[PDB]
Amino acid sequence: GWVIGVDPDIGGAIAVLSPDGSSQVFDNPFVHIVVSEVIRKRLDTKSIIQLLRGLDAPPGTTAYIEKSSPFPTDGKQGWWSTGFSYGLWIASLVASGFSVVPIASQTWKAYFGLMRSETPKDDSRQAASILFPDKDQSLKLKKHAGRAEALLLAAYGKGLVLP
């Protein structure tokens, strides 16, 4: 009963749920790159692969990863980056033996009753902390919303339910 959840973008995270009910969540590793004479943050491929290889989740574990679907009004750099982060994550997960299942944000948001929220990121952190109370301290900052999304993706895949 292992489940993995991945928020693949630059502030994202990977969550790992164990059969005994324990959970781990890891911020996505990144590095600072020079592009067009400015600095950009980019996912750290080797650290991701090393992170996956050190997981105790066995081969065949399912990884639920949020589907890339940027808005037509997002810029072309946004489109490249969501595509790049998605491809790098999917290849790393497959190479590490995990079975990848893409999930639309509409799917897990509806599942946990989070659609049409005035504060979607805050509500995600609140839902994740309720499902994983031992992660409550790791979810108190606004910048922890990627941790929450990864946990909620894993909770969705595991079929967990809010009280």
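So that there is no doubt, residue numbering starts at 1 and follows the sequence shown.
When the mean C-alpha temperature factors of 149-157 and 136-144 are read from the deposited coordinates, 136-144 comes out higher. Two stretches are in play, 35-43 and 110-118, and the higher mean C-alpha B-factor belongs to 110-118.
Out of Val94, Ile65, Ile130, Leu55, it is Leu55 whose C-alpha atom has the highest B-factor in the PDB entry. Residue set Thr61, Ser105, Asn28, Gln126: peak C-alpha B-factor at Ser105 (per PDB entry). The PDB entry assigns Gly83 a C-alpha temperature factor belonging to the lowest third of its chain's modelled residues.
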